[PDB]
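Asks:
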Amino acid sequence: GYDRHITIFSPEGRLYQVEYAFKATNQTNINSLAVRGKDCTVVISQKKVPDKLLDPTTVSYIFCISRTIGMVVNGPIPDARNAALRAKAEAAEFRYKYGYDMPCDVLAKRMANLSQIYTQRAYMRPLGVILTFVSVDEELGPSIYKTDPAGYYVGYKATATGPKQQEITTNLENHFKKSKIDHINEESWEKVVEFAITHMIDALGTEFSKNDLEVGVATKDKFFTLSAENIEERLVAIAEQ
Amino acid sequence: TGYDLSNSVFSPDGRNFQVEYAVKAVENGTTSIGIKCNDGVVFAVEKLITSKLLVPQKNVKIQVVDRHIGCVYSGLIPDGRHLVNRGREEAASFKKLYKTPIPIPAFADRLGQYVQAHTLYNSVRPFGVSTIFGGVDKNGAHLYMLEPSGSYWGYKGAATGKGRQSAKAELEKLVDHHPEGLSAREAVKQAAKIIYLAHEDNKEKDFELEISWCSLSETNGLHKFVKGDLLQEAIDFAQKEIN
Amino acid sequence: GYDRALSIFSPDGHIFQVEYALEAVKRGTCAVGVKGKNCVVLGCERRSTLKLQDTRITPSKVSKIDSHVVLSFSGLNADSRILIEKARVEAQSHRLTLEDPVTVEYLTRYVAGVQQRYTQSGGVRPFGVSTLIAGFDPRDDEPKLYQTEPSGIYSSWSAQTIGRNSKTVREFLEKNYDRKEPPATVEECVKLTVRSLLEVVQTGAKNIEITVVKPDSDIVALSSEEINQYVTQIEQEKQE
Amino acid sequence: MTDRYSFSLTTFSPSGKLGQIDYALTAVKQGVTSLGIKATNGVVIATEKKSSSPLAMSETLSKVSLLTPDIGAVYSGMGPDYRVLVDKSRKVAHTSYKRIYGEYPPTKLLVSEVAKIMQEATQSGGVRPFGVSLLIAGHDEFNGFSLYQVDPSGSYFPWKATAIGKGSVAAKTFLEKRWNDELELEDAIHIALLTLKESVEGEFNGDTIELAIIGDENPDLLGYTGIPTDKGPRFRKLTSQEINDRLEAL
Amino acid sequence: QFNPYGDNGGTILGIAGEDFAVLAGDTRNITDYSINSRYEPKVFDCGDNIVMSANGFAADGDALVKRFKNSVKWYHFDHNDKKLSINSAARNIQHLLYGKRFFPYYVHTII
Amino acid sequence: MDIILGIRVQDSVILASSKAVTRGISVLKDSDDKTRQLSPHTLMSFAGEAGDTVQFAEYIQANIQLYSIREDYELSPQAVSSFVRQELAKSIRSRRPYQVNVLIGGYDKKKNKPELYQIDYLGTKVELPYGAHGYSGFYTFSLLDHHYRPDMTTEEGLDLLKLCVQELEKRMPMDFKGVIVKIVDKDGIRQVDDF
Amino acid sequence: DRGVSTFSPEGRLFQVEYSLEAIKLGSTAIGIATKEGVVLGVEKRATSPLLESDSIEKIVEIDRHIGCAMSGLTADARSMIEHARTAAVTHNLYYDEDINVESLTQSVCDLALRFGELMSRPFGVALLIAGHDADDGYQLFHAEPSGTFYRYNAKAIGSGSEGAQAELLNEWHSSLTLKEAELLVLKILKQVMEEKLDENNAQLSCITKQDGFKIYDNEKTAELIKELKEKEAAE
Amino acid sequence: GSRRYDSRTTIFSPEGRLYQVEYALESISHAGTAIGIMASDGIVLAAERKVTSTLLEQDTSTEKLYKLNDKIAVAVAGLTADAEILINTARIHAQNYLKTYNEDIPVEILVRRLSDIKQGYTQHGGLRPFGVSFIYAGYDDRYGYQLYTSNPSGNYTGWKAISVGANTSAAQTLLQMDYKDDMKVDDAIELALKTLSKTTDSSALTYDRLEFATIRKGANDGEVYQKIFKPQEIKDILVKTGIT
Amino acid sequence: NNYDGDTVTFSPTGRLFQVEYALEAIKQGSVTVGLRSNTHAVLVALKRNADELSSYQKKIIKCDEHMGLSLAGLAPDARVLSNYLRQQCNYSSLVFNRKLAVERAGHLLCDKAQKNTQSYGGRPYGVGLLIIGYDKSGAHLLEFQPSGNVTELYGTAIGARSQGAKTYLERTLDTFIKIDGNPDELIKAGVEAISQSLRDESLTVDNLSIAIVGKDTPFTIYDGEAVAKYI
Ligand SMILES: [Cl-]
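Chains as they are written, first to last, in the authors' numbering: chain U, 2 to 242; chain T, 2 to 244; chain Q, 1 to 240; chain O, 1 to 250; chain Z, 1 to 111; chain X, 1 to 195; chain R, 1 to 117, 125 to 242; chain P, 1 to 244; chain S, 3 to 233.
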């Protein structure tokens with residue numbers, strides 16, 4: 002059964018290598034979440050540093066692709082960094098060729114096309130990663146676009162990824178049923194981050210210290226990650242309410 | 002099955018068994034360590050003396066990249082040399098285009114992407130080495146450890162090879178007992194002790210100690226080998242601790 | 001580029017792809033070559049499971065490589081066209097640089113070399129073809145008949161046959177061909193060639209092709225009636 | 001390194017089947033239903049928007065795509081494969097036709113180019129076939145309106161009306177009863193919506209249905225005025241509101 | 001426009017006897033009207049009892065001698081330390097020179 | 001090289017080509033045959049740059065002979081002329097073009113008609129009742145405009161040709177050492193030995 | 001299947017070892033080196049009586065001072081001979097001298113391992136290269152598809168090799184004349200050949216400093232065959 | 001490496017057959033039947049469409065019969081996509097010849113080159129062969145009217161009458177029975193349709209499941225005309241011979 | 003077993019079987035010994051024949067005036083690697099006017115062998131080499147294995163029954179290292195070393211092969227009657 006080793010069709014029209022790349026996605030055992038505000042897009046991800054000998058500042062699955070675009074990865078770090086370097090290069094080339102910053106959705110499509118090629122071409126394996134791209138697009142506003150090893154991609158009102166993704170997904174669904182809107186009706190990004198952490202706490206059922214989380218924020222004209230003390234400041238605000 | 006016969010093939014778990022098999026080659030190799038200190042890094046390695054006929058001090062294993070980065074590795078020694086040769090090419094082209102010597106995090110990703118590339122195709126074999134490396138740049142000291150999968154992180158202390166667990170335990174004590182920081186000269190002494198302690202896991206053949214270091218104050222930010230009086234002083238410190 | 005080594009040695013020291021190419025030759029229609037005192041005759045079998053054929057336009061079994069040399073074959077028909085084309089090109093190239101047409105030995109050596117190259121080149125299979133190459137060297141009246149095969153070996157023959165049931169017609173030729181006295185005339189040579197094919201063919205109707213090559217670029221193909229006269233004559237002498 | 005797969009991954013089996021093509025067609029069968037109907041004064045193509053998550057914005061994912069101003073495409077099967085085929089199809093319309101003749105290709109020839117691309121994925125080295133069937137609707141001056149289906153093998157056929165994917169067998173039978181050669185475009189849209197309701201299970205509205213037409217020229221969608229010969233695209237994507245209007249008088 | 005050739009002057013002379021041969025050359029090296037060196041040798045022992053000088057443009061002269069010396073070295077490696085005869089050296093040098101027929105070594109060579 | 005002429009009459013094409021090969025101030029040869037038989041009923045004469053001429057002629061000859069063997073059939077003069085034209089048309093935009101002018105005289109056996117084609121090194125083809133390359137045309141064209149008739153015999157064509165050679169031998173600056181004359185008709189190609 | 005350049009667990013290349021089996025199936029070739037010259041002889045082995053034996057060419061000239069005999073898949077030898085001839089002539093062009101026999105052999109052996117995934128498989132033919140040069144005198148080399156070559160005083164290759172080699176072990180001494188070597192090749196060929204040895208199914212050749220490489224006529228070999236039969240009956 | 005997944009498309013069986021070529025011919029034997037009949041004054045091409053649907057657009061359709069140039073056409077049996085690759089190559093080859101020699105390409109030359117391309121895919125490159133068999137119908141001034149066939153092996157042969165695709169065995173026997181040399185085009189039209197009608201796997205032969213074409217000298221004086229039949233013209237010719 | 007089809011495949015315990023099989027070809031090869039003092043470095047090699055009619059396969063190859071090696075295993079692979087060393091030594095001389103350090107020679111061989119162990123299609127080299135030389139840091143002896151591993155030693159031996167000589171040299175270490183300014187005695191020690199690897203056969207005149215390089219001695223090889231002194 003060599004149809005399970007390379008990306009050719011099985012008798013039932015399936016690509017097993019693509020399906021097994023999806024299972025590599027959860028190898029890190031980390032859950033990520035993304036939501037949109039009025040002015041911003043917030044992405045949060047768990048940060049697990051098991052080894053005491055590790056330098057915790059170098060352990061990260063959130064990447065600054067361009068000034069405006071951020072990307073969080075669910076999957077092993079080697080493939081994650083491979084995807085990040087390619088995205089950075091593509092975004093840079095786009096700006097040089099076409100004279101404006103690459104939109105989040107266009108980068109998502111491009112990376113999705115690259116992933117599609119690996120599902121069709123035999124010599125290249127799929128990357129075992131799911132890429133969530135976030136920005137505040139100058140035309141479309143707050144944006145979340147997500148890519149997988151099948152080459153699929155779509156925009157999101159909000160999204161979650163990881164082993165316990167379904168619990169987070171329904172938690173978010175139930176909120177948007179209640180609020181009756183496509184986003185978090187909030188002025189500052191600080192409170193949108195607080196919303197994101199609050200609803201992750203409810204869905205996962207765990208408490209977080211400052212070193213258990215990782216936060217990326219996209220505003221108009223810049224995407225940035227938060228420090229431990231920025232997150233701690235955010236955790237204190239949630240606790241005092 | 003047969004999923005483990007070819008590199009770059011995902012198993013039903015989502016694993017690349019060929020990379021995990023390369024890790025077994027690394028675990029079979031001699032012990033090597035890295036200690037991050039106040040203003041730099043220290044590297045040390047175990048050299049098994051197979052025979053009396055080996056010339057002492059003349060089979061050097063630690064390798065320099067550029068003038069500010071040191072690299073040591075465990076596993077298939079030739080594979081490590083191939084990786085360092087690439088590292089030297091990467092560092093040269095960086096300095097060529099950008100003038101400044103390659104930063105350690107930048108250098109770390111160059112090796113990482115290269116090793117990761119050797120997990121993408123069935124026409125190549127994964128690297129049979131884990132590489133501990135680092136140095137001093139504009140932002141201070143950095144220590145890294147890179148594995149066959151292409152995975153790397155920054156480290157306060159790092160260890161790999163046959164005596165990695167013994168060395169890791171000893172490294173964790175130093176991190177706990179010295180929260181403010183360890184000095185360069187202290188880290189050299191500690192490196193000797195840890196290699197001697199990690200040698201208990203490879204104690205048939207006796208061994209030869211080899212240490213190197215990069216420090217902003219002690220070596221002026223450049224990679225140097227520890228030799229002569231400073232080496233013998235570090236050996237004596239280690240000898241006193243095992244007894 | 002496709003690189004795979006398809007022709008390789010096996011534990012017993014055989015190259016199976018070359019040997020399987022010989023099986024394709026064994027499947028092909030029978031071809032025979034007989035050289036006389038002043039001529040060479042090439043006879044060829046044509047299978048009769050194909051009626052409604054158009055013999056005007058259907059590719060002939062014997063091909064002119066130059067005006068003085070001919071090539072017949074047994075095996076894969078499509079494969080033979082490639083060899084014939086290359087041979088025809090080399091024939092014109094030789095005339096261009098040496099200012100003299102090819103010798104039959106040289107043309108044979110070239111065709112055999114091509115066949116050999118396809119036995120140790122990556123990405124290619126051997127030619128499923130054995131050839132009979134006959135003619136006369138420039139300004140020479142000594143008849144020449146050569147044989148090649150997929151492996152690339154070639155040699156000269158007083159008379160030879162290839163293709164299906166070739167071992168039967170070779171048996172016939174081995175006792176009916178005298179080295180001390182080859183067929184003295186054209187008629188004698190054609191008759192011996194037709195006789196040898198009649199051991200294997202079936203009917204002497206539109207199943208046998210005969211091509212006679214004489215010195216100084218004198219090549220002609222016999223028609224049905226002309227061949228049928230040999231068939232009629234041989235059968236009447238047989239009833240004895 | 002380098003692509004060592006220079007050999008075919010689709011080959012003939014002893015029975016004469018081309019396995020990978022058959023398996024690609026199986027993937028198309030699993031895919032969501034899409035259809036096309038040809039009227040006297042237009043063509044309609046439609047499909048269901050299967051949402052992956054309710055948090056996902058299904059507007060950002062377009063299953064019906066413009067190829068040229070007068071040609072549109074829809075599919076059944078693997079979405080990513082379709083997306084890259086649309087990219088390649090749009091480009092080939094320019095490189096192999098518009099940059100040569102200064103006008104857009106007729107439907108049949110653009111279809112022919114897409115078919116070629118899909119045939120090569122069936123024979124070339126180190127690749128699998130595309131896991132999609134396309135329905136391409138279009139108009140051109142000398143052939144009028146036309147509708148084509150393209151399969152993973154690279155084969156294409158012209159249709160009066162047809163359906164592909166999940167419930168194509170039932171949908172084709174439904175279309176045989178309703179189709180005549182006197183259908184007006186509005187009648188064809190009505191029949192398209194009726195046919196699609198049978199295969200759709202959940203919500204059936206303008207947000208879950210994607211539908212486009214090839215009809216009259218749209219000067220308002222051209223973006224400029226002043227050139228009399230340029231009269232606008234015949235391809236138009238029906239809005240969510242426009243679909244719901246027709247679902248009341250259903 | 002850049003001119004890749006120059007003239008370094010000097011002169012050389014070879015005479016053969018019955019059981020010996022001499023190859024002489026002055027040690028002066030010049031460009032235009034200036035002296036570069038009063039002692040810059042251009043007659044070299046190339047091994048196997050062959051002496052060589054390539055006079056004219058010194059850069060080409062040095063390159064040629066360098067290549068021939070190297071040719072002698074590889075002749076030993078490839079032919080079981082066989083002595084390179086003077087006639088064989090001569091033919092070898094012809095191919096070194098003609099190899100740059102369309103961008104010549106600007107020298108007159110004597111061995 | 002230098003002088004090549006061609007005349008098409010009722011039943012044949014006649015080609016006349018100068019015998020001299022001159023290099024510098026020396027006539028190296030006075031019996032040079034500036035022609036190649038491309039096929040049994042097709043003949044090509046040539047003139048131009050030294051080396052190029054024979055190299056081109058023989059290259060064309062090889063290709064037509066290759067075609068004849070492959071198809072067991074003779075290409076028409078029109079078909080051969082078009083092949084030659086295209087080869088020259090390619091050549092003119094090459095790194096080093098063939099500087100060769102040719103005349104192609106042939107008898108079409110299917111039409112039972114003689115045909116003469118004039119092709120220059122640029123790949124400029126024309127079918128003509130009479131043709132010339134180089135400075136020859138400056139004398140012969142006007143001469144033939146006057147004396148040529150379309151219904152002439154081969155013998156009349158040879159006399160018409162003698163008139164051209166006589167004029168060239170009178171008014172041309174260079175000694176071209178006479179001409180070799182060849183006739184192309186239904187029976188193939190033959191050389192006139194006494195001219 | 002498996003790689004073409006794969007090692008066996010015993011440290012040998014599969015394909016090279018398999019090509020050696022092909023050579024064992026080949027017709028016999030014998031060479032003997034003396035101080036008066038080197039003799040090369042081969043078994044022709046016609047597959048059928050209708051085949052004109054004189055067209056069987058298993059002894060071949062490389063240069064005036066170097067000859068060659070073959071055994072195995074003889075079609076494979078054509079490009080080896082072509083390379084050898086070019087190497088010999090090219091060296092004469094570059095150095096105005098005869099190329100050493102050992103250097104020629106080394107050049108041919110460089111082709112041997114140039115196979116893999125270069126040609127698709129090793130050569131299936133072994134060569135006996137015999138010649139003379141001023142430095143090392145008369146020489147005989149055995150060139151294999153492994154890329155290895157040994158100098159020999161005498162050597163047999165092909166189907167009857169191991170039996171013929173044992174015979175050469177006893178018969179060879181350092182004072183053999185050329186005539187003695189000629190008879191010895193005929194004698195040993197007649198012993199290992201299937202069909203009865205005569206001038207039509209066997210061929211002799213030699214290389215001498217004075218006359219160079221020469222293939223003998225069928226008339227000349229026939230007399231040596233007659234001289235051989237008479238001498239064996241004479242005691 | 002990638003050796004593991006190589007099918008080795010261009011190798012011999014132990015019996016000396018080419019696996020992939022044999023399997024391609026097996027594929028072709030399930031395709032719709034196509035017949036070619038050569039008469040003294042023209043050629044007929046007749047082909048059966050593969051099981052049609054009533055909603056298929058019949059008039060603006062082309063599946064079996066393709067025009068290569070003004071004097072040559074082909075009937076297809078096998079994968080249509082594969083056939084179009086080869087047809088475009090053949091169309092280009094015809095124009096190359098016309099550009100080079102200023103004469104329309106002789107039929108055999110075009111057939112040989114297309115067949116040589118097929119041969120190449122069986123000997124080198126490691127790719128699957130083209131799953132296509134052609135019937136070539138054409139005219140030139142050397143041999144006049146000619147019928148050829150080629151198959152995935154790259155082997156081609158000339159015919160007076162021939163069938164490819166499904167039920168060739170039964171079709172060939174029927175053609176061999178009723179064919180004679182002095183036959184006219186209109187008789188050949190009738191023979192072609194009668195043969196398909198008896199060999200068809202369908203219930204009854206109708207206009208919508210057929211493609212038809214003739215190559216006559218039935219233009220005005222010494223020139224050849226290609227007639228690709230329209231739906232209504234096939235309907236009429238089917239009535240005229242009394243099949244429907 | 004299932005993991006020895008090519009060099010690009012690791013076994014479940016992290017072994018490269020094709021490299022190990024290449025290592026096995028060296029063990030079948032004839033014994034060769036290397037040893038050095040502070041002034042000289044010596045190679046001694048036992049040559050092997052096909053039979054009594056054949057020559058003895060040459061084991062020692064010169065790379066430069068100051069460097070050379072001995073071989074054990076596939077001889078054609080030694081020819082490829084020695085040729086590469088000749089070029090590298092030569093590149094160092096032409097470009098930098100610098101004699102190639104014996105240590106760099108080892109690093110270059112390591113990296114060349116390594117590339118053949120990580121790519122599809124290729125194969126490992128099937129030969130082991132003992133490289134001796136005298137450079138700016140005195141006498142050197144290196145051991146090359148086709149795995150890529152190169153090792154600097156006072157003395158060593160590779161090939162069949164090399165363990166006997168390797169043990170002897172391990173005992174004699176203190177003696178032979180101080181044989182300075184005396185070539186004949188250093189060779190005698192090497193000839194006595196290789197004698198510990200002999201079985202049923204003894205060292206004859208066309209069997210023994212010796213090479214030496216040192217302070218005032220270019221790399222030279224001794225064969226035939228020139229080694230009769232040491233028997
Ligand atoms: Cl893209």
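No residue lacks a Cβ here, since even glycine has one placed at the ideal position from N, Cα and C.
Just checking, does the stretch 164-176 of chain R make contact with the stretch 52-61 of chain S on the three C-beta pairs under 8 Å criterion?
Replies: With a cut-off of 8 Å, the stretch 52-61 of chain S and the stretch 164-176 of chain R count as touching, because enough Cβ pairs lie within range.
Asks: Based on the DSSP output, what are the partners of X/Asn101 in its beta bridges?
Replies: As a working note, residue 101 of chain X is residue 101 in the sixth sequence. BP columns for X/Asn101 point to X/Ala47.
Asks: Regarding O/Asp81 and ligand 1, is the C-beta to nearest heavy atom distance less than 8 Å?
Replies: Walking along the fourth sequence from the start, residue 81 of chain O turns up at place 81. No; taking the cut-off as 8 Å, the Cβ of O/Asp81 has no heavy atom of ligand 1 nearer than that.
Asks: Should Q/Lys35 be labelled buried (16 or more other beta-carbon atoms within 10 Å of its own) or exposed?
Replies: Numbered from 1 along the third sequence, position 35 holds the residue referred to as residue 35 of chain Q. Looking at its Cβ environment, which holds 16 or more other Cβ atoms inside 10 Å, Q/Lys35 is buried.
Asks: Leaving out the 5 sequence neighbours to the left and right, which residues in its chain are closer than 6 Å to O/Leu238 when beta-carbon positions are compared?
Replies: Start at 1 with the first residue of the fourth sequence, and residue 238 of chain O comes out as number 238. Once the five neighbours on either side are set aside, the close Cβ partners of O/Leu238 are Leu211.
Asks: Over the uninterrupted beta strand (DSSP E) stretch that includes Q/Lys214, give me the two end residues.
Replies: Here residue 214 of chain Q refers to the residue found at position 214 of the third sequence. Its beta strand (DSSP E) spans residues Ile208 to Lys214.
Asks: Which of the three DSSP states is assigned to P/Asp82 in this structure?
Replies: Residue mapping note: residue 82 of chain P aligns to position 82 of the eighth sequence, counting from 1. Reduced to three states, the DSSP call for P/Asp82 is helix.
Asks: Taking C-beta pairs closer than 8 Å, name the residues in chain S that residue 281 of chain P reaches, listed in chain order.
Replies: Outside the modelled stretch of chain P, which goes from 1 to 244, sits residue 281 of chain P, for which no answer is possible.
Asks: Show which residues of chain P have a CB atom less than 9 Å away from the CB atom of O/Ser168.
Replies: The sequence position of residue 168 of chain O within the fourth sequence is 168, counting from 1. What O/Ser168 touches in chain P: nothing, since even the nearest Cβ is about 12 Å away.
Asks: Have a look at O/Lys116 and Q/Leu173 and give me their C-alpha separation to the nearest angstrom.
Replies: The count along the fourth sequence starts at 1 and reaches residue 116 of chain O at position 116. The count along the third sequence starts at 1 and reaches residue 173 of chain Q at position 173. Computed Cα separation, rounded: 55 Å.
Asks: If contacts are defined as beta-carbon pairs under 8 Å, then X/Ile180 and X/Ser17 qualify, I think. What distance do you get, rounded to the angstrom?
Replies: On the sixth sequence, residue 180 of chain X is found 180 positions in, with the first residue counted as 1. On the sixth sequence, residue 17 of chain X is found 17 positions in, with the first residue counted as 1. About 6 Å; that satisfies the 8 Å criterion.
Asks: Anyone know if the C-beta pair for Q/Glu45 and Q/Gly163 falls short of 9 Å?
Replies: Counting from one through the third sequence, the residue named residue 45 of chain Q turns up at place 45. Counting from one through the third sequence, the residue named residue 163 of chain Q turns up at place 163. Result yes, Cβ atoms of Q/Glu45 and Q/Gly163 sit closer than 9 Å.
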